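Student: Experimental structure and its sequence below.
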Amino acid sequence: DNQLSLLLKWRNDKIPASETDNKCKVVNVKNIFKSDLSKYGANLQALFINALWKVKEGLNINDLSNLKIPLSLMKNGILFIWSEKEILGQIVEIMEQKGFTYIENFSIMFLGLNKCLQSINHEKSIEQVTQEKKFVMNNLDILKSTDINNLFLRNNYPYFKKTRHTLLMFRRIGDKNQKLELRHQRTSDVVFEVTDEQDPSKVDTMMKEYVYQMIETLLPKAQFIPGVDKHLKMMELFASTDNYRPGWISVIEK
Amino acid sequence: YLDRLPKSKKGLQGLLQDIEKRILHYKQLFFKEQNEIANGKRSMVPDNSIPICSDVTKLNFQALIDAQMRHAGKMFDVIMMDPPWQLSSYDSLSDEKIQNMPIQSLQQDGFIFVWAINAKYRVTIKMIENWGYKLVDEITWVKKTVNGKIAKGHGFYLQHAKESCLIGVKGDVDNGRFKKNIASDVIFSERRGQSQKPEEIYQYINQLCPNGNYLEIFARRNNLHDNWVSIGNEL
Amino acid sequence: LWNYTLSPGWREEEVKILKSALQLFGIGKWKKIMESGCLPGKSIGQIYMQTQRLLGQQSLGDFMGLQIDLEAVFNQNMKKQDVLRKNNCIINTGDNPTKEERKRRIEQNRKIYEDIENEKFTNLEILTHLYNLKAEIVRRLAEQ
Amino acid sequence: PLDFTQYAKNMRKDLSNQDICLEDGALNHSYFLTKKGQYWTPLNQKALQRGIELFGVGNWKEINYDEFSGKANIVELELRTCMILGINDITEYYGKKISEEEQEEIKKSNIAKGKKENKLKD
Ligand SMILES: Nc1ncnc2c1ncn2[C@@H]1O[C@H](CSCC[C@H](N)C(=O)O)[C@@H](O)[C@H]1O
């Protein structure tokens, strides 16, 4: 009916922490949009920042302009940043003056988990946002008789109803006769998952994990197991306080 | 190789007879159709559709705004355009050519919508912030297949499977006739003809700024609706 | 039976036109075949598969750029009929070899050897094709 | 202006092309239903009437030469010169000039031959 089985096909592939070693590097500085990052890695490929903009708020947009990215930090590489609808704009123009070029975008469309459970019937706890998503996942073909557009989010927004989140992804080419290795078409620009209405901007695990898996697939060469190399060719900012993903040079702001 | 039969003599002429009566059949049907149209028959385009068919560069928007002031007194409220973008494997649609057109003259109080592909997403932002418009929101349309799958769009860096549209604001958008948080900014509908667009976005706009003149740009015969002053080379 | 296996819905006259065009131009020069225009309504892919059937070997990598006799290759493929010739086509044992190996294979193989009434069109253009179709038929009867 | 219909008519008169909307007319659905490139304004039909006045039905092959209609097409023009005569075949008017119609009255009496859709079968 809805063909929703194919919509969440990759969500059925779950695949959900390396200690400080040759495979994982850890940095915990109280400053990040000011701390030099070229000393934490050079000629890297994947560079992720988990910028939780929100209009409470986690990070101020105007702060981002003071961060410096040097060519010595990375010649050929990519930055990944989050976008929030109430703070949409004023974020799409900051990064170009730091020396990147726009290539593509990625986005997450939230299908209103409360509406999904309502259609299955015919504030949420951590359990209600972790196991309830499995609950609506395993019976994914019972609500396929309904309309897709019904179960979308209805969140307060000045102009429309806010429904989706967004990953801006920016590649810089900086060295002539040098390129990057990419898998390219791995995960569709359209993806599908539900998200709690309490923090639609926030993305919990099994979805953050989905992004982690897709980025690990897009840039496999950036990773390095402890035996092959000790220095990691891909770093991260603003991760969880307990997750230290292998390959990533984690930089958590305390 | 000749498509027709090489030699059949009168054996084919009999078939000719068949064909020729078929011929008369078509024209007699045509006559009926003629009687059906020259009697007062109403076509699909509804009332209050104003299809200005002219080149956007050739057209003088000054006459348009003069008519706007003369008849209504309020200038435009909601505007849209999905111009032919650049693909790099007409050529006067250079994004700069799209820019220099004085849409800022055509609008002082109201929104805007601009659909564009992600390959020209960024240039769209500079397209909208250049004027008094401020990019505030986006409406996105997810392609659908016949069954309910996701279209396997060509992938440059990721598998392209959605289409984006930007929204802007100049002057005052709280003109009373505007409505806020009308509904979701996403549209899930099938993949129609080449670069076609969902007709439910016009329902969205009717929810948005009803009882007022509109302006879509670069239309086709599909686009025309009620209360839509519309422009388009193929319109 | 079923010699030179036929694609669904193509005349054998088209097959012999293709044979003549391949004998004059050569395998792989499908663009020249389109330029000549002796096979209307044919695509490069479909003519490629038809060449696969006519040569008797499914893989055309060993026959690229060859003005070889199609029937001779088909006959020598029956000379090696010990291999399963599915659809009268031999599957090449070489798995997509390098350009050098494919090139030496090329060298060795060289050395060895109604219509408009359809389309759901409106009355205007169908009659446009119909009247001069009838003129063509009238001229055909006149010369008969 | 909340007078949406009058407003629309005014804008159509002020901006829209003549072949799109009449001088003070409605949307003119006839142009909409036909495709862009071939439409029959009163100018085109009066020009074809002039062409009929030129020689009438017969060996009159200058139908496209005069370009009386906008980008005249021989088959479409010969098709659209037939409803005026009201008879499917024109063999009974071959080789003569025709001034007015005087053909609908002499043929609508033929009930068996045909009177529906303002036309007669053969
Ligand atoms: N400069 C131009 N060159 C060619 N066609 C143009 C054109 N400007 C407008 N058009 C016409 O309008 C289309 C561009 S717009 C296409 C989408 C349409 N506006 C919609 O919303 O449904 C073209 O395909 C053509 O039909």
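Tutor: All right, it came through fine. Numbering: from 1, shown residues only, chains lettered A, B, ... in the order given.

Student: does stretch B:218-230 come close to chain C?
Tutor: No - judged by Cβ under 8 Å from any Cβ of the partner chain, stretch B:218-230 and chain C are separated, with a smallest distance of 15.9 Å. In short, each C-beta sits where N, CA and C put it, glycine included.

Student: Disregarding residues adjacent in the polypeptide, which is nearest to the residue in chain B that chain D sits nearest to?
Tutor: Minimum separation of chain B from chain D (Cβ to the nearest Cβ) falls at residue B:43, amounting to 3.5 Å. In this structure, residue B:43 finds its nearest non-sequential neighbour in residue D:29, 3.5 Å apart by Cβ to Cβ, 6 or more residues apart in numbering or on different chains.

Student: What's the end-to-end length of stretch B:96-105?
Tutor: 17 Å (Cα to Cα, to the nearest Å).

Student: just stretch B:154-167 next, same as before
Tutor: Stretch B:154-167 has its terminal residues 26 Å apart, counting by Cα to Cα.

Student: what do you get for stretch A:137-145?
Tutor: End to end - Cα to Cα - stretch A:137-145 spans 15 Å.

Student: Residue D:98 contacts residue D:55, correct?
Tutor: No - counting by Cβ atoms under 8 Å, residue D:55 is not a contact partner of residue D:98; they are 9.1 Å apart.

Student: of the two, who's got more company?
Tutor: Taking other Cβ atoms under 10 Å in any protein chain shown, residue D:98 and residue D:55 do not tie; residue D:98 has more neighbours (19 against 16).

Student: what about the nearest residue to that one once chain neighbours are set aside, neighbour count?
Tutor: Distances taken as Cβ to Cβ, 6+ apart put residue D:56 closest to residue D:98, at 4.2 Å, once the chain neighbours are dropped. Counted with other Cβ under 10 Å, the neighbours of residue D:56 add up to 16.

Student: Quickly note the distance from residue D:56 to residue A:162.
Tutor: When distance is defined by Cβ to Cβ, to the nearest Å, residue D:56 is 72 Å away from residue A:162.

Student: hmm, back to that, can I assume the residue nearest to residue B:43 is in contact with residue B:45?
Tutor: Yes - counting by Cβ under 8 Å, residue D:29 touches residue B:45, with 7.1 Å between them.

Student: okay, the two: which has more neighbours?
Tutor: residue B:45 (20 against 15).

Student: Assign a three-state SS to that one, would you?
Tutor: Recorded secondary structure, residue B:45: coil (DSSP: H, G, I helix; E, B strand; the rest coil).

Student: residue contacts, it?
Tutor: B:51, B:221, B:224, D:27, D:29, D:32 (Cβ atoms under 8 Å, 6 or more residues apart in numbering or on different chains).

Student: From the residues you listed, which land in strands?
Tutor: Applying DSSP state E to these, the entries found in strands are residue B:51.

Student: Return the residues of chain C in contact with chain B.
Tutor: With Cβ under 8 Å from any Cβ as the criterion, chain C comes near chain B at residues C:11, C:13-14, C:17, C:38-40, C:115, C:117, C:123, C:126-127, C:130, C:133-134, C:136-137, C:140-141, C:144.

Student: What is the helix or strand encompassing residue B:31 packed up against?
Tutor: Assigning secondary structure by DSSP states H and E places residue B:31 in helix B:10-37. Helix B:10-37 sits against helix C:123-143, helix D:29-33, with contacts defined as 3 or more Cβ pairs under 8 Å, 6 or more residues apart in numbering or on different chains; DSSP states H and E.

Student: Secondary structure of residue A:105: a strand, I assume?
Tutor: Yes - Residue A:105 forms part of a strand when assessed by three-state DSSP.

Student: which residues does residue B:143 contact?
Tutor: Per Cβ under 8 Å, 6+ apart, neighbours of residue B:143: A:190, B:150-151, B:153, B:161-163, B:190-191.

Student: next one: residue A:96
Tutor: Neighbour list for residue A:96: A:102, B:122 [criterion: Cβ under 8 Å, 6+ apart].

Student: quick one on the thing from earlier: just the contacts of residue B:45 now: which is nearest residue D:108?
Tutor: residue D:29 (27.4 Å; Cβ to Cβ).

Student: which residues of the stretch 101-250 of chain A fall in helices?
Tutor: Along the stretch 101-250 of chain A, counting by DSSP state H, counting those that start in this stretch, helices occupy A:113-121, A:126-138, A:208-218.

Student: Out of those helices, indicate the one that is most buried.
Tutor: Mean neighbours per residue, mean count of other Cβ atoms under 10 Å in any protein chain shown, is largest over the helices of the stretch 101-250 of chain A for helix A:208-218, with a mean of 18.

Student: list the helices and strands it packs on?
Tutor: strand A:46-49.

Student: related to what we said a few turns ago, determine the number of other residues adjacent to the residue of chain B closest to chain D.
Tutor: Neighbourhood size, residue B:43 [other Cβ under 10 Å]: 14.

Student: Please tell me how far it sits from the ligand.
Tutor: Separation of residue B:43 from the ligand (Cβ to the nearest ligand atom, to the nearest Å) stands at 18 Å.

Student: That residue contacts residue D:28, doesn't it?
Tutor: No - taking Cβ under 8 Å as the definition, residue B:43 is not a contact partner of residue D:28, at 9.2 Å.

Student: Give the bridge partners for the nearest residue to residue A:25 once chain neighbours are set aside, please.
Tutor: Leaving aside its sequence neighbours, residue A:25 sits nearest to residue A:249 (Cβ to Cβ, 6+ apart; 4.2 Å). Beta-bridge pairing for residue A:249 (DSSP bridges): residue A:25, residue A:235.

Student: Let me know how buried residue A:249 is, in neighbour terms.
Tutor: By other Cβ under 10 Å, 23 other residues sit near residue A:249.

Student: Against residue A:73, how distant is it?
Tutor: As for residue A:249, its distance to residue A:73 is 12 Å (criterion: Cβ to Cβ).

Student: Sounds good, over and out.
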